Amino acid sequence: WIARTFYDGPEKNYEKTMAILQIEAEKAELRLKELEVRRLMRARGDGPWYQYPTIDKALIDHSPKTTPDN
Amino acid sequence: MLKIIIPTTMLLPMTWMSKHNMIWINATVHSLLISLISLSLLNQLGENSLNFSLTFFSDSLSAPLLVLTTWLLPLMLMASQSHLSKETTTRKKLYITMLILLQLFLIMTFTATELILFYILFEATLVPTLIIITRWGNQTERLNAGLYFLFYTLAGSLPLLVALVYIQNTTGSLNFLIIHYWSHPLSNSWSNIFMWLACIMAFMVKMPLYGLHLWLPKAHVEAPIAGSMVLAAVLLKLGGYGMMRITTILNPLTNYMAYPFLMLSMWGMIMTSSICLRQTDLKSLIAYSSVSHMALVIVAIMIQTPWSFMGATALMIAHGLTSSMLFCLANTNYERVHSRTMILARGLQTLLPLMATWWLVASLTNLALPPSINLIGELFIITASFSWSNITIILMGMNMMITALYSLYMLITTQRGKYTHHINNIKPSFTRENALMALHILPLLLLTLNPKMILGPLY
Amino acid sequence: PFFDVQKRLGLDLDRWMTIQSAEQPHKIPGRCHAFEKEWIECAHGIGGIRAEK
Amino acid sequence: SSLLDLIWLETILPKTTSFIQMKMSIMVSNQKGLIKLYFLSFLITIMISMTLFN
Amino acid sequence: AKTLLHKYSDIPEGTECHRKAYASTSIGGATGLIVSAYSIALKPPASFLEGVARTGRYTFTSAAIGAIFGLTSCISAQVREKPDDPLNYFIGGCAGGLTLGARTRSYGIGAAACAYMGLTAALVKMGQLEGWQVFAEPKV
Amino acid sequence: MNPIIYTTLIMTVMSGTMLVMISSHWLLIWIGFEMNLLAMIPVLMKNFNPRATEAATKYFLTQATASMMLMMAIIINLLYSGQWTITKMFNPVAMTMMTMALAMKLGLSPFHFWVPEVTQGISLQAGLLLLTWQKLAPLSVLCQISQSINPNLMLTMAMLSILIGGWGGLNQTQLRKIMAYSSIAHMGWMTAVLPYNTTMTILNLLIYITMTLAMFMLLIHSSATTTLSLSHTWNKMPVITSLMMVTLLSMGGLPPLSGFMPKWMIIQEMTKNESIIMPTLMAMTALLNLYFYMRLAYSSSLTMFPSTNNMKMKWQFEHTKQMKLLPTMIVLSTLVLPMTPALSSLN
Amino acid sequence: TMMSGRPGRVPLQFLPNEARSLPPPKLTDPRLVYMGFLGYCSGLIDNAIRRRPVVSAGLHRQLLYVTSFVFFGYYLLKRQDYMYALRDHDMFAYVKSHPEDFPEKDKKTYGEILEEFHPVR
Amino acid sequence: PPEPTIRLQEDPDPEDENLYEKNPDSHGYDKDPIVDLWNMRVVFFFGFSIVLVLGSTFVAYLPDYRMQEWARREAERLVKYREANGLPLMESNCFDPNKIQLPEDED
Amino acid sequence: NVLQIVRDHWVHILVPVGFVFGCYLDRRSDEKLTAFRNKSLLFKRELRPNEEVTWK
Amino acid sequence: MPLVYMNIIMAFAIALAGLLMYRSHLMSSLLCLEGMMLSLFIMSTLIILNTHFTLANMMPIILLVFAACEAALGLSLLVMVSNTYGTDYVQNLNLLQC
Ligand SMILES: CCCCCCCCCCCCCCCCCC(=O)OC[C@H](COP(=O)([O-])OCC(O)COP(=O)([O-])OC[C@@H](COC(=O)CCCCCCCCCCCCCCCCC)OC(=O)CCCCCCCCCCCCCCCCC)OC(=O)CCCCCCCCCCCCCCCCC
Ligand SMILES: CCCCCCCCCCCCCCCCC[C@@H](O)O[C@H](CO[C@H](O)CCCCCCCCCCCCCCC)COP(=O)(O)OCC[N+](C)(C)C
Ligand SMILES: CCCCCCCCCCCCCCCCC[C@@H](O)O[C@H](CO[C@H](O)CCCCCCCCCCCCCCC)COP(=O)(O)OCC[N+](C)(C)C
Ligand SMILES: CCCCCCCCCCCCCCCCC[C@@H](O)O[C@H](CO[C@H](O)CCCCCCCCCCCCCCC)COP(=O)(O)OCC[N+](C)(C)C
Ligand SMILES: CCCCCCCCCCCCCCCCC[C@@H](O)O[C@H](CO[C@H](O)CCCCCCCCCCCCCCC)COP(=O)(O)OCC[N+](C)(C)C
Ligand SMILES: CCCCCCCC/C=C/CCCCCCCC(=O)OC[C@H](COP(=O)(O)OCCN)OC(=O)CCCCCCC/C=C/CCCCCCCC
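Rules of the game
- Residues numbered from 1 in each chain as written, not as in the entry; some residues may be left out.
- Chains lettered and ligands numbered in written order.
- Part of a larger assembly, values for the part shown.
- Heavy atoms only, no water.
- Residues with missing side-chain atoms left out of burial classes, pairs and counts.
- Helix = DSSP H or I, 4+ residues; strand = E, 2+ residues; numbered from the N terminus.
- Rg over C-alpha atoms; globule rule 2.2 N^0.38 Å.
- Near = heavy atom within 4 Å.
- Polar contact = N/O pair within 3.5 Å; in protein donor to acceptor, adjacent residues only side chain to side chain.
- Areas by Shrake-Rupley, 256 points an atom, 1.4 Å probe, with all protein chains shown as cover.
- Nonpolar A, V, L, I, M, F, W, Y, C, P; charged D, E, K, R; others polar.
- Contact = heavy atoms within 4.5 Å.
- Buried area = accessible area lost by both parts, 1.4 Å probe.
- Salt bridge = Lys/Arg side-chain N within 4 Å of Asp/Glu carboxyl O.
- Expected span 1.5 Å × (residues − 1).
- Buried < 20%, exposed > 50% of the residue type's maximum accessible area, 1.4 Å probe, protein only.
- Patch = residues over 30% accessible without salt bridge, like charges linked within 9 Å, V, L, I, M, F, W, Y side chains within 5 Å.
- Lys, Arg positive; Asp, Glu negative; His and termini not counted.
- Charge placed at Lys NZ, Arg CZ, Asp CG, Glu CD.

As summarised from the PDB record, the model derives from cryo-EM at a stated resolution of 2.7 Å.

See the structure below:
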């Protein structure tokens, strides 16, 4: 009677634990991958992250400058 | 797990919206109902755990501690009802609010699937205790005691946060389940040695270890009765729970690492039990007895064998109940005498026979008389230590003898002999105090019928 | 920190004075106009780090 | 009780920390408010930084 | 600058005791001079002669501490025939601490110096061995 | 002064800060700093007395020296590269001098000496403005040029600031000096994460500004500038003392209070970069800030100090002027830990 | 991860247009409930400071506090979710575009791996 | 020395109040007899009657989620089978060696 | 007397409401961990003729 | 980097050091600040003229203007300090101590 009215079967807890473990393992591997990607992007500069601004080339004037040799 | 947490949270609006003369009645009733609700968690499995969700799980190490934490609150309310009589409604409501917050923090601490959440709640429990000690304290040294209690804890625990964040950066997860399944050996390196020290010392300070046990007599003597109860019953067990949870990552480094601690505890139990023999204070004597018991629990955890873990769990539960009862008895004496010194009020068995019976039962259960769970944990830890080394028994032997001595000493100084002639304000014991002692003692003698219910996950 | 209001509104509050090769009055060239032009064109959009290497 | 618990265990961790922090606080906070000394110290640290970190 | 660091670190631990002692003495003298300059700038005691005497006292105390550190640590490492052991640095560090206590003439400060300099020297040796970084570069 | 003049000066201070924050040209940044410096001086001298004049002249001297060093760094940078845009510093110790100028502007050690004096000299509102708003512009510039900074010098000055704040707060009975040393220690905590993550610097800035606003408004409401003057507040406004004690515990970095969020994150960030010893030392040193916060809490609300007779008359009056944002500041500085991941908003 | 310099980023845009492709937080989100609770606590403290009946002094003021807190919390949660989505998208794209830096580990069973055993004695 | 020898204006320390004097049958709960008696009743009923009795009965009759009788029956059936087959009870190896691939030393 | 004892005894109802709300929240949180329902190797089972989910 | 720029930077460093010495006479502090801004003006003007940055010719004047405005403010402050003590000695400002 106690098991019927208050508690459930072992399958419920078993599968809930399986789902929890699967989610946590994905989160851990994602954390490692993110750390590695951060390290790679910062050193190389190739990636979208860690982009530091440079001079815009639309500011340059392209006209004759009163002297032939610029 | 929210079926326990939400009623505990609702305890606060109920208390603050209560009628000015119905706070104690409402609080005790609903606390007892919440305790009854907590009993459902005891039906554990031999399999992994009771994983309710991603945030909270239950274990047969966590379940007895949760049940004890829930059960302690009605007792603390009943004990505090006496000396808060001449106090305004707002401040009594604040006191009850602090007790409720302490229970909520402890409940969330004991489930705590993740180690950073565990640390956050483990240190959140610190604020209500500090405020209770430093606000509703009688003597002028409550400020110094609060400072000691705060700073010992924080000095121990600040390296723990750095160690935890480093461990998550390397491993990738702080979750208990992931950590257990993905545990890998720690090489014997200086960096690993310091990581072990940072992981262990935070829980070592709260047991507390013999070297670091100074804050405890101050905090216990200067805190009110509810503060003493919560410190002796639950707050000391947080270190043991943390060690049992965190030790899995530590191996195989623990064997070499454990020797300084094993020696400190095996000698400090003798030192503190001997200190108990020459004491002029009830509260200090109970505090030192608690230190001895928790030193034995430290030894059990450091040996790290199945029998060690079962003995440590049983001893933690039994010591919590016994020390809470002892502090309650000392407070009942103090509220009549206002001196809190053993040698002043004497021969109380002649004047208060039933209270003397309660004293006898409490001293017997502190003495570890079989088949009480106190001796169950005592014997399991002693056997595990003997298997660890056949010489440890000698020290253990001394400890047992010394323990009995001071226990009966405390029973003989205050209850036996001739009553002091001058004291005349010793009124008959109230129904509230007798109910408090009965509610303290009956769970122990009920649990000795079902020891497996408190023997932990390694049963 | 830096709130790039000029780019959001297209105001050009102080970008005209940042470099030598940006529309000097009467088309007077800087002493190092060609070198700065080459360095700016090379490093445009690459980013500071790859730009530095 | 007295030699170890009341005296030496108290001397080592809490009392030593209290004494050291008290002495450091007294030394650091005891400045007479003379900007002469403050800016002489500023010159000293500026030259030390110019000589040490490059 | 880091020239003194390069001079001290380049010499092998178990050889050239005098060179290690000289490098340690130079580092100690530089540290003592810096501390003396700080004290003079923050507190002008009474005059020029008292100030220069104070600077000389501080510099010589620090130089003696460093010299004892270097000589004792190097000699212990050489005699024990076990280099790269932080225990040698512990012993040398509080030989220096004991010399500091003797200079200041206080037994308590001598014992405190032994504790808190042997531990520091052992920690520095462990950091050198394990590659701990006091000022780590931004990795990510 | 005239309220119109005060409003104009406050708007000029804010406009100088905004000019620093929005401009991409070094000269415009220097001009914004000059504008802020110029408009700040009368605000420190709203209440005319020799103490306020001394504080204002000390502040002016320090800030003018910092501005001169900033201009010299800018000119050296221009000399070694014909660039005015705020970008990588392009040069050696020109960056060192830029860092020194910004450190003197912020009050970091070893340039911390002026903060306690100026804070003690001025009133509580001027101290609030000085310790809250005057940190935005230099920190914005440092965040912009963070990839240029030498980590050794920045970390050294950050650790020095933390140590000096912790030690100097222990000896104070004045509340304004306590706030100044707290500011120094918090800036030390802020600048130790600039080489690694500027978002953490901004998060620490937001949390510190909220806590400082709550603390200063509580101090203004119960108009006390001394420990004993604050000890008389319980006899009139016990709820104010309770809120103040909770805020002080939050400023100590205790979990689960809000002030724990920055240090935690900062420590976490510094562990990602293989740095352990400095986070450990920073926590152990912030223990001192906690100690003197806890002493103030003891003297404020956990114990009841003796009162005076005339206090009874104060029982019959209520504050005419009420601060609207005070309730919000307390809640934000106390109960925002569960909303920690919101720091991804790049605050 | 400093995303200030991300290409194609509008300077002062609180929520970009591409954020509209993400599921909005539900109105019953626990974080929104916490923000409303924060607003309610702010209202209670406001009542307490001005010496008014804490629970029942101003219902309109407490309602305004709760509503404003919920509004700001909803927008803040949207921005939070968008920024985390951007981080994950960038990480996945970088992993996809740099195969040589993230090799596929050879799956190995515990039956063929030798792990050192340390007895507990 | 015209000092009043009084450091400050202080209330005298009040004497302890007895709950028995103004109310026999005082139960040590409250000074109000009705609240007193009802508090005693609710504590006794919700502690001794509800928790200690019903909770103890509930804990006593908890279902076998630890699987002790299940383990006993499994061991009984297993030994019944092994004795008959002539198998030597419990094997030394917890896992079958054929599916374990040792690394060859060649030293 | 109804509508009078309520104003004084209304507080009692709060703890049980919290309990039932916590039970409901526990079930609702449980509903989000069904990814492995009837998929464990130990309990792969064929559904009953009138069964949709093994557990709720 | 030619020697003239080095001489100007040395002059600026000397002015800054003299400002940091504080023998007396806060008026000398203001004088040191003005010498510093003069050196800044000279070296910035030399650098700008040399590289023919035509639009940068704005910057020195601006600098001068702003710096002179600062001087005015400083002078005002000095007067009030003197107006309390009668002399501009540095050691008179010893009321505020750390
Ligand atoms: C973990 C998360 C879950 C829990 C959350 C925890 C926080 C929650 C609350 C946060 C803050 C909000 C409220 C605080 C405002 C302060 C107002 C106040 O004092 O109370 C007076 C007021 C009653 O007094 P009154 O008649 O209005 O007038 C008297 C004057 O107000 C005042 O009379 P007085 O001035 O003459 O009395 C003087 C007294 C008065 O001074 C105070 O009481 C100050 C109030 C505390 C400071 C608050 C700081 C900010 C919040 C920080 C919370 C910290 C939590 C983290 C853990 C660390 C613990 C410190 O001060 C002293 O005695 C000086 C020494 C005090 C001892 C040491 C100080 C420690 C205080 C720390 C308390 C921390 C917990 C507070 C919980 C709530 C307390 C009200 O209390 C209330 O009635 C309000 C309580 C809450 C209302 C509940 C209504 C909900 C029920 C219906 C809805 C059902 C809900 C479920 C829905 C579905 C069901 C069907
Ligand atoms: C003869 C009987 C002997 C044994 C008596 C046993 C008594 C047990 C009492 C202790 C119960 C502990 C609480 C258990 C809570 C966890 C279980 C919880 O979920 O049960 C809920 C219901 O819990 C009960 O309502 C708790 C009752 C609490 C009250 C106990 C009696 C005392 C009440 C006193 C109230 C006030 C009395 C009057 C005062 C004046 C409904 O759960 P549900 O989500 O469906 O679970 C479905 C499981 N399935 C799927 C397998 C079916
Ligand atoms: C005060 C109340 C109690 C507080 C808590 C006390 C408990 C903490 C004490 C820590 C226990 C020991 C720490 C390190 C133990 C390592 C083992 C060592 O002792 O043995 C030899 C180590 O030799 C020497 O011990 C070297 C270290 C000497 C320097 C340490 C200082 C010694 C006394 C300081 C005690 C002060 C502690 C408190 C500080 C505040 C083995 O030689 P070796 O094979 O080479 O090293 C093996 C380790 N490897 C593999 C990582 C390399
Ligand atoms: C201390 C608690 C925090 C509360 C802070 C005050 C709350 C009131 C603020 C009211 C609304 C402010 C939002 C401003 C409207 C538009 C903002 C938008 O235009 O700006 C964007 C940026 O949006 C804002 O930065 C977001 C501010 C939100 C702050 C909330 C985070 C709080 C930390 C976590 C604690 C939880 C607090 C929850 C309770 C409020 C674009 O920034 P961008 O030009 O591209 O780069 C500059 C910033 N960089 C350099 C760092 C990259
Ligand atoms: C006053 C003088 C005496 C008068 C009374 C005379 C009568 C004496 C009888 C009382 C005790 C004598 C011994 C008789 C024992 C018989 C009952 C016993 O057999 O039942 C026990 C049952 O007791 C329980 O197991 C232990 C009690 C549970 C303890 C929980 C504590 C209650 C909650 C309160 C809060 C908790 C606070 C502490 C936190 C941990 C053991 O049961 P068990 O052999 O297994 O199996 C039962 C049958 N099964 C197989 C169908 C299941
Ligand atoms: C009384 C407690 C016991 C104290 C015993 C020693 C006391 C003396 C130590 C004083 C503080 C020393 C601070 C510096 C220690 C440096 C240790 C260290 O850096 O190891 C970090 C290690 C490896 O470093 P990486 O560079 O990342 O590895 C890459 C190469 N393998 O990583 C970690 O494990 C981080 C964990 C933090 C270490 C904890 C530091 C503090 C000391 C440990 C706690 C012991 C004291 C507790 C105080 C007790 C008060 C109740």
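From this point, the discussion proceeds with the structure in view.
Undergrad: What's the story with the overall build of chain D in this structure? I'm lost.
TA: Of the regular secondary structure elements, chain D holds two helices and zero strands. The C-alpha radius of gyration of chain D comes to 19 Å, more than 25% above the 10 Å expected for a compact globule of 54 residues. By principal-axis analysis of the C-alpha atoms, chain D measures approximately 55 × 30 × 10 Å.

Undergrad: Honestly, the site of ligand 1 in this entry has me stumped. Any pointers?
TA: Lining the immediate environment of ligand 1, one finds 31 residues, of which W16 and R91 of chain B, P238 of chain F together with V54 and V55 of chain G sit closest. Positioned at a junction of chains, ligand 1 has nearby residues supplied by chains B, F, G and I. Contact distances for ligand 1 include 3.1 Å between an oxygen atom and a side-chain N or O atom of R91 of chain B. When ligand 1 sits alone it has 1800 Å² of accessible area, and the protein chains cover 73% of it. Counting residues per element, the shell around ligand 1 draws most heavily on helix α4 (residues 89-111) of chain B, at eight residues. Split by residue class, the shell around ligand 1 holds 25 nonpolar, four polar and two charged.

Undergrad: In this structure, what is going on with the interface of chain F and chain J? I would like to understand it.
TA: Often, the extent of an interface is quoted as the loss of accessible area upon association of its parts. Of the residues lining the interface, 36 residues belong to chain F; the matching set on chain J comes to 39 residues. Buried area between chain F and chain J, both sides added, is near 3600 Å², and the carbon and sulfur share of it is 82%. Together, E54, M68 and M72 of chain F form the three largest contributors to the area buried by chain F at its contact with chain J, with a combined 18%. Where chain F packs against chain J, one counts zero salt bridges. At the junction of chain F with chain J, the criterion picks out two residue pairs in polar contact. With 20 residues, the single largest contributor to the side of chain F that touches chain J is helix α3 (residues 50-80) of chain F. Grouping the amino acids of the side of chain F that touches chain J by side-chain chemistry returns 24 nonpolar, six polar and six charged.

Undergrad: Would you take a moment to explain the interface of chain E and chain B for this structure?
TA: Listed per partner, the contact involves five residues of chain E and four residues of chain B. Of the roughly 430 Å² buried between chain E and chain B, counting both surfaces, carbon and sulfur atoms make up 68%. Among the residues of chain E in contact with chain B, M126, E130 and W132 of chain E are the three that bury the most area, contributing 78% of the side total. Viewed at the interface, chain B and chain E are joined by zero salt bridges. Our enumeration of links across chain E and chain B arrives at three residue pairs in polar contact.

Undergrad: Can you help me understand helix α19 (residues 373-388) of chain B in this one?
TA: One turn of the α-helix equals 3.6 residues, which is why residues spaced by three or four share an orientation. Residues and elements named next belong to chain B. An ideal rise of 1.5 Å per residue puts 22 Å on 16 residues; α19 measures up with 22 Å between its terminal C-alpha atoms. Those residues of α19 lying buried are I373, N374, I376, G377, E378, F380, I381, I382, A384 and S385. Where α19 is buried, its residues contact α15 (282-303), α16 (306-337), α18 (353-366), α20 (392-415) and α21 (431-447).

Undergrad: Sorry, what's going on with the pattern of salt bridges here?
TA: When charged atoms on two side chains of opposite charge get close, those side chains can pair. With the rule as written, the count across this model stands at 33 salt bridges over all chains. Between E36 of chain A and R39 of chain A there is a salt bridge; the shortest N-O distance is 2.3 Å. Here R39 of chain A and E36 of chain A lie together in helix α2 (residues 10-44), a separation of three residues that amounts to about one turn. You can call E36 of chain A partly exposed: its relative accessible area is 28%. A salt bridge links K27 of chain C to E23 of chain C; the shortest N-O distance between them is 3.4 Å. Through salt bridges with shared partners, a single network forms among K12 and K16 of chain A together with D30 of chain I.

Undergrad: Please clarify how a negative patch on the surface should be interpreted in this entry.
TA: On the surface, a cluster of negative charge is contributed by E10, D11, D13, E15, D16, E17 and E21 of chain H. Here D11 of chain H shows up in the segment before α1 (33-60).

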